Amino acid sequence: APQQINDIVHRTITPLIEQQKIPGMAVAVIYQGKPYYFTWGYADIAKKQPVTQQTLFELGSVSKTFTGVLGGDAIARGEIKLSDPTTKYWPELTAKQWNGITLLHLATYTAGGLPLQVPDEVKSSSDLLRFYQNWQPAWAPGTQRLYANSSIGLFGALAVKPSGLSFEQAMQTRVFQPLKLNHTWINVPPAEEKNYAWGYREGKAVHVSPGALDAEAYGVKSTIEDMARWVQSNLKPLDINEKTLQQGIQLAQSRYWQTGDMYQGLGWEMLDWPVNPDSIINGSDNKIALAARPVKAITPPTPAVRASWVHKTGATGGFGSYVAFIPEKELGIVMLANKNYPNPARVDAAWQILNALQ
Ligand SMILES: CCN1C(=O)CC(=O)N(CC)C1=S
Ligand SMILES: CCN1C(=O)CC(=O)N(CC)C1=S
């Protein structure tokens, strides 16, 4: 790799790992469309297993970008419309507050205050129905963005209903496989378990627990190589042969809502490039990222803007991940770690690295 890339990455990531006490980390830098890989530390401390390019990390919320793209693919297939009412795909949802709440609203956290987490008490499908039936919005639909697994999670579930496929099957066959993401999983098969890093929370080794709509909201695990390929795909959607997937990716980066200087896509979030680093750094802090904020409707949505900082932070109990890229520049980065460390530290490192290379 170019010594510039090596120095920039190492000078940035080494202190980050030290300061944040990150056990293991993998980084991919996409420079002029080509990936460059870097690994540090341990995937499994007790077994002294190092991080490698084949190490599986929990993506957490970065999963929502796959979910967004899968939804976009379903739109392109004509199987769903984002303008349709939610009740069209879930007739049992008869409570009156669901009037006027569309798939768009679910996909973009603008339904009116759906909670961050689906309650752990929800186990069966009937529990799930009861939950959404009894949910009372704090706001009118399409007025406030509140980041929520219960929102985009339900979107994912409904988006694949007409296809007849389970969410996992739709994702595998319509997204993972055509993009040759051969080491990306919703459920890690035993054959791949040896590469599945442990997460670390408070010194304890942890993996993500099963939960309602987990697959749809935070259930993807991937390697640094597949995630680099994921970024390449989202950098250059036109190079992709499957028409609907190609279109789906474009739709996922459309700008549907604005709050502050940020735009909400399907899973992906975007800002105009060049960005104010303080804005994306401070904005990633949960006190802002998880806050209720008013939205300006983008009518109609702006098609994917090449001059954008496109990104997503992700977390599970034991993992912290970040993906960012700039389509106009053929420039991107993936940061995968088996510790959930503060978002602003992730974004700061990413902007430091990409800015030096642009
Ligand atoms: C649905 C119309 N539309 C958009 O709003 C944005 C976009 O990028 N594209 C192209 C795939 C379309 S068709
Ligand atoms: C349910 C997954 N998960 C976590 O475990 C921890 C966390 O901070 N976040 C982000 C809100 C998520 S989605």
# chains A, B, ... in the order shown; residues from 1 in each chain; ligands from 1
call {"tool": "residues_around", "arguments": {"residues": "residue 69 in chain A", "least_positions_apart": "4", "cutoff": "7 Å", "atoms": "only C-alpha atoms", "output": "ChimeraX atom specification"}}
result
/A:65,73,248-249,252,266
call {"tool": "residues_near_ligand", "arguments": {"ligand": "ligand 2", "cutoff": "8 Å", "atoms": "only C-alpha atoms and all ligand atoms", "output": "list in words"}}
result
residues 60, 61, 116, 117, 148, 149, 208, 211, 214, 217, 218, 286, 290, 314, 315, 316, 317, 318 and 340 of chain A
call {"tool": "residues_near_ligand", "arguments": {"ligand": "ligand 1", "cutoff": "8 Å", "atoms": "only C-alpha atoms and all ligand atoms", "output": "ChimeraX atom specification"}}
result
/A:76,246-251,253-254,300-304
call {"tool": "closest_residue", "arguments": {"among": "A:242, A:153, A:281, A:36", "to": "residue 3 in chain A", "atoms": "only C-alpha atoms"}}
result
A:36
call {"tool": "residues_around", "arguments": {"residues": "residue 130 in chain A", "least_positions_apart": "3", "cutoff": "12 Å", "atoms": "only C-alpha atoms", "output": "JSON, numbers by chain"}}
result
{"A": [92, 93, 94, 95, 118, 119, 121, 122, 123, 124, 125, 126, 127, 133, 134, 135, 136]}
call {"tool": "atom_distance", "arguments": {"atom1": "CA of residue 103 in chain A", "atom2": "CA of residue 256 in chain A"}}
result
12.4 Å
call {"tool": "closest_residue", "arguments": {"among": "A:58, A:159, A:177, A:183", "to": "residue 77 in chain A", "atoms": "only C-alpha atoms"}}
result
A:159
call {"tool": "residues_around", "arguments": {"residues": "residue 12 in chain A", "least_positions_apart": "3", "cutoff": "10 Å", "atoms": "only C-alpha atoms", "output": "CSV table (one decimal) with N, CA, C and O atoms, in the first residue's frame"}}
result
chain,number,residue,atom,x,y,z
A,6,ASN,N,-0.6,4.0,4.6
A,6,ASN,CA,0.0,3.3,5.8
A,6,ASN,C,0.2,4.2,7.0
A,6,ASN,O,-0.2,3.9,8.1
A,7,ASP,N,0.9,5.4,6.8
A,7,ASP,CA,1.2,6.3,7.8
A,7,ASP,C,-0.1,6.9,8.4
A,7,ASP,O,-0.3,6.9,9.6
A,8,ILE,N,-1.0,7.4,7.5
A,8,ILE,CA,-2.2,8.1,7.9
A,8,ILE,C,-3.0,7.1,8.8
A,8,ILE,O,-3.5,7.5,9.8
A,9,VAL,N,-3.2,5.9,8.3
A,9,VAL,CA,-4.0,4.9,9.1
A,9,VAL,C,-3.3,4.6,10.4
A,9,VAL,O,-4.0,4.7,11.5
A,15,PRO,N,-3.2,5.3,18.3
A,15,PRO,CA,-3.6,6.0,19.5
A,15,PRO,C,-5.0,5.7,19.9
A,15,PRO,O,-5.4,5.7,21.1
A,16,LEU,N,-5.9,5.6,18.9
A,16,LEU,CA,-7.3,5.3,19.1
A,16,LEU,C,-7.5,4.0,19.9
A,16,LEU,O,-8.2,3.9,20.9
A,17,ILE,N,-6.8,2.9,19.4
A,17,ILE,CA,-6.8,1.6,20.1
A,17,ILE,C,-6.2,1.7,21.5
A,17,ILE,O,-6.8,1.2,22.4
A,348,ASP,N,-14.2,10.8,14.3
A,348,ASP,CA,-13.0,11.7,14.3
A,348,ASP,C,-11.9,11.0,13.6
A,348,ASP,O,-11.2,11.6,12.7
A,349,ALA,N,-11.6,9.7,13.9
A,349,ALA,CA,-10.6,8.9,13.3
A,349,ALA,C,-10.8,8.8,11.8
A,349,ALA,O,-9.9,9.0,11.0
A,350,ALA,N,-12.1,8.5,11.4
A,350,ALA,CA,-12.4,8.4,10.0
A,350,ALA,C,-12.2,9.6,9.2
A,350,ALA,O,-11.7,9.6,8.1
A,352,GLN,N,-10.3,12.2,10.0
A,352,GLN,CA,-8.9,12.4,10.0
A,352,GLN,C,-8.2,11.7,8.8
A,352,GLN,O,-7.4,12.2,8.1
A,353,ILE,N,-8.6,10.4,8.7
A,353,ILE,CA,-8.0,9.5,7.7
A,353,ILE,C,-8.4,9.9,6.2
A,353,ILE,O,-7.6,10.1,5.4
call {"tool": "closest_residue", "arguments": {"among": "A:201, A:181, A:306, A:267", "to": "residue 22 in chain A", "atoms": "only C-alpha atoms"}}
result
A:201
call {"tool": "select_by_dssp", "arguments": {"residues": "range 12-50 of chain A", "states": "strand (DSSP E or B)", "output": "ChimeraX atom specification"}}
result
/A:24-31,34-44,49-50
call {"tool": "residues_around", "arguments": {"residues": "residue 39 in chain A", "least_positions_apart": "6", "cutoff": "12 Å", "atoms": "only C-alpha atoms", "output": "mmCIF file with C-alpha atoms, in the first residue's frame"}}
result
data_model
loop_
_atom_site.group_PDB
_atom_site.id
_atom_site.type_symbol
_atom_site.label_atom_id
_atom_site.label_comp_id
_atom_site.auth_asym_id
_atom_site.auth_seq_id
_atom_site.Cartn_x
_atom_site.Cartn_y
_atom_site.Cartn_z
ATOM 1 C CA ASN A 6 -0.046 3.309 5.826
ATOM 2 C CA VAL A 9 -3.999 4.933 9.090
ATOM 3 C CA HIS A 10 -1.376 3.827 11.613
ATOM 4 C CA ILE A 13 -5.631 4.141 14.617
ATOM 5 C CA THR A 14 -2.793 3.195 16.996
ATOM 6 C CA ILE A 17 -6.770 1.641 20.054
ATOM 7 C CA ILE A 22 -9.889 -1.724 21.960
ATOM 8 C CA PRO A 23 -8.967 -5.442 22.053
ATOM 9 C CA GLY A 24 -9.141 -6.016 18.320
ATOM 10 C CA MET A 25 -9.723 -3.982 15.198
ATOM 11 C CA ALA A 26 -9.841 -4.238 11.420
ATOM 12 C CA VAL A 27 -9.742 -1.316 9.022
ATOM 13 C CA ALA A 28 -10.381 -1.106 5.318
ATOM 14 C CA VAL A 29 -9.502 1.984 3.340
ATOM 15 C CA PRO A 50 -5.538 -12.344 16.385
ATOM 16 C CA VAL A 51 -7.793 -10.218 14.201
ATOM 17 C CA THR A 52 -7.442 -11.152 10.526
ATOM 18 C CA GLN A 53 -9.060 -10.172 7.234
ATOM 19 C CA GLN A 54 -11.463 -13.126 7.741
ATOM 20 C CA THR A 55 -12.491 -12.201 11.290
ATOM 21 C CA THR A 223 -15.509 -9.474 7.717
ATOM 22 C CA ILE A 224 -13.387 -6.455 6.866
ATOM 23 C CA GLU A 225 -13.088 -7.749 3.285
ATOM 24 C CA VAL A 334 -14.576 0.728 7.333
ATOM 25 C CA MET A 335 -13.715 0.472 11.020
ATOM 26 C CA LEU A 336 -14.634 -2.753 12.814
ATOM 27 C CA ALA A 337 -13.869 -3.280 16.510
#
call {"tool": "closest_residue", "arguments": {"among": "A:19, A:326, A:295, A:45", "to": "residue 139 in chain A", "atoms": "only C-alpha atoms"}}
result
A:295
call {"tool": "closest_residue", "arguments": {"among": "A:192, A:338, A:210, A:200", "to": "residue 40 in chain A", "atoms": "only C-alpha atoms"}}
result
A:338
call {"tool": "residues_around", "arguments": {"residues": "residue 241 in chain A", "least_positions_apart": "6", "cutoff": "12 Å", "atoms": "only C-alpha atoms", "output": "JSON, numbers by chain"}}
result
{"A": [175, 178, 179, 233, 247]}
call {"tool": "closest_residue", "arguments": {"among": "A:271, A:186, A:5, A:191", "to": "residue 167 in chain A", "atoms": "only C-alpha atoms"}}
result
A:186
